[PDB]
């Protein structure tokens, strides 16, 4: 009663243009079986939203990649928040929520915003730039690692470790094995910067270590929670900002609208997050037999959620393939939904908003003027290179 498909959502051809295959996955049925990896798939907004919001039946403590932690060893000690279920998840989540609080955004906002303006001002002096390396990448590297409290040496390890983390959610294909065999130096730098003496006072990491006397987490838990923010805190944002820029370059009517009202910047980024879904997919594991969209899924089965496909589901979105900076984006799953919904979304939206605001005030046109290149990853969607000519306003 469940349609079996041979689509590999982790193949290179799929990454190259996922969107037809995602329609085929949505239209086959509410639940599909993916024979290549032996997992269930859900690609419609409805079923994705349901799975995300039933963490008792679709837990994350057996991993949220293909590997089931009850069967295989994880490639690194489990995250205390991503790879945990309530109740063990609850208090480490409260710590990271407070570390990344509204009050904390108040303190870095003007710094983040200035750095966005300085970066756009700097790129307008060059004209022809690469909006991935010189912007999408350069901007978050200039404000996140300082906000984390990190030393300066070794920062070249952060994006590679992020790409490793997201590649290791995927199946044991060559992208994953090659990331793991390249991993050791990045693992080593990251784990070391998680120790309390290496985290500059006032930053996010020091704050995490300072939350250890409340009975919410203990001191030996602090290093791993810092690790979370060195894993999840960079590449997505970069991909999300690279997508905004791309969209603004590819849809010049939306750039003309952003310029006319820069207050649209925040929702313009939110729309980029929905349109690109930098995190394309996550897994859950069933803790019990369950009925999902008229199928009966046994205990201990991996379920693949297509988040980017739920964000383009014509059953939920009008013209889902169009980038509309005035769209009501509320409800998209680009950040998840429910108990694990991105705990750092306030940092991402603040980075992306102030970047787009900067562009909206200072740029008249953005024109692709060279070969666009994609970056392949088992979990992340984003560009490798996006040569643009920026035109000062």
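Residue numbers count along the first chain shown, from 1.
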Handout entry: Higher-B stretch (mean Cα B-factor, as the entry records it), 280-288 or 149-157
Key = 149-157
Practice task
Would you determine, from the values in the PDB entry, which of 162-170 and 200-208 has the greater average C-alpha temperature factor?
Solution key: 200-208
Exercise for the section: Please work out which residue in 230, 244, 118, 82 has the highest C-alpha B-factor recorded for this crystal structure. Expected result: 118
Practice task
Just grab whichever of 310, 190, 184, 268 has the top CA B-factor as deposited.
Solution key: 184
Exercise for the section: Comparing against every modelled residue in the chain, figure out the third that the C-alpha B-factor of residue 74 lands in (lowest, middle or highest). Expected result: middle
Exercise for the section: Using the B-factor values recorded in the entry, state whether the Cα atom of residue 240 falls in the lowest, middle or highest third among the modelled residues of its chain. Expected result: lowest
Fill in the blank from the handout: Tertile call for residue 369 (CA temperature factor, within chain, third-based) is the highest
Handout entry: Ranked against its chain, the third holding the CA B-factor of residue 49
Key = middle
Handout entry: Modelled-residue ranking by C-alpha temperature factor, third containing residue 176
Key = middle
